[PDB]
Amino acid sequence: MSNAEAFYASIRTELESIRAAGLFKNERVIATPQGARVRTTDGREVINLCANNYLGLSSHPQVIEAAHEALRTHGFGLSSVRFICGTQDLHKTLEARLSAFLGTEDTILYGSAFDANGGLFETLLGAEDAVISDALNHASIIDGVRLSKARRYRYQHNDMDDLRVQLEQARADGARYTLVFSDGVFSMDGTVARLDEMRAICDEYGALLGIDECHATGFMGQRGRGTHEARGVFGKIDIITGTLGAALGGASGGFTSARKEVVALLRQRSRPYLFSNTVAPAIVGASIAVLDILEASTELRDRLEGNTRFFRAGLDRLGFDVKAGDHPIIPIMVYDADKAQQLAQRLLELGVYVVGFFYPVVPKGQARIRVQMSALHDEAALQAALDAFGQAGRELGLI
């Protein structure tokens, strides 16, 4: 045996254990645009309830037309990081619209939220500083922290008391600056961070407050500005990282929004911004259209909140356990991974499209279906999906 081929056997062994544990993930091949209804390459039309397309913007024809126009005026790719020849007028324009929307001085675009998190902490913090994370923070945040030299603290999920004991330890350990950082809305359970309480704890210790708004920007708060708007601390957030790939168009791209001098150091020093391609023109141009849509009317935001309130009461009525609260992320816990796989594949036979979350996406013993509400769902699709959730939801033992 050569070491190389041996390595391929340990890879094949790992792939077979993952199957055996029922933890293997099967891709489904959609053949149409992203939509509240969608058809896979088998011709079966189904109702999509597991997309980050909260506002219906991923195939919105005005967003589509803005991409078409931005291709005619601004080309297909730039093939350059921002500082060489990758900055068009669109990137500056969008950065100003994002900053105004989010309530901040400035904004720096990234290829993804993953990279915005990836290049945030290492640029702003050093070995003498501390970051204190909610224990449920998105993987991209964990990896951004791991790439920094800062001292690390984690506090129990949404546990404000634990947040206080960590800031005490952090101060006891002699932290210089301290950044408290959390998902604005948590990906896997839909809970909303208590930014109002966390603003207060932070001011008391003198710590910065950052949030990751991938599941909030565009539809949280009455004006859809985000978790910080929904919790009364709009204009009082040190650092907003977020995505363009969810409620604001769903194509690609991300951002960090902060004061002008934080953003300025990120342009000078943040490794995904120096060493990774700029956002494509068509994506930036459509993103500007998305901010016009949302600053002219809260109709999509409001319609989304209605579909969630309808569909959450609906799942409550059937004896399903309504995790979290107002949010469009409805996590239907099943704990066992195999049941999650069964329920998802049985809902596909009943014409509903959701998928199973299990390790490593969610902790072991905590598998689930994440149902996601879009503003685009019609009553027929929703009342139909409730039936399909009812049948399978009894036909497999969930109640």
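Quick note: we count residues from 1 along the sequence shown, nothing fancier.
The mean Cα B-factor in the deposited entry runs higher for 41-49 than for the other of 58-66 and 41-49. Set 70-78 against 201-209 and average the Cα temperature factors; 201-209 ends up higher. Among 270, 222, 256, 93, the highest C-alpha B-factor in the deposited entry belongs to 222. Ranking 100, 318, 145, 116 by Cα temperature factor from the entry places 318 first. Ranked by Cα temperature factor within the chain, residue 228 sits in the middle third according to the deposited record. Split the chain's modelled residues into thirds by C-alpha temperature factor. Residue 313 is in the highest one. Ranked by C-alpha B-factor against the other modelled residues of its chain, residue 158 falls in the highest third.
The deposited CA B-factor of residue 184 belongs to the middle third of values across its chain. Ranked within its chain, residue 299 lands in the highest third, by CA B factor from the PDB record.
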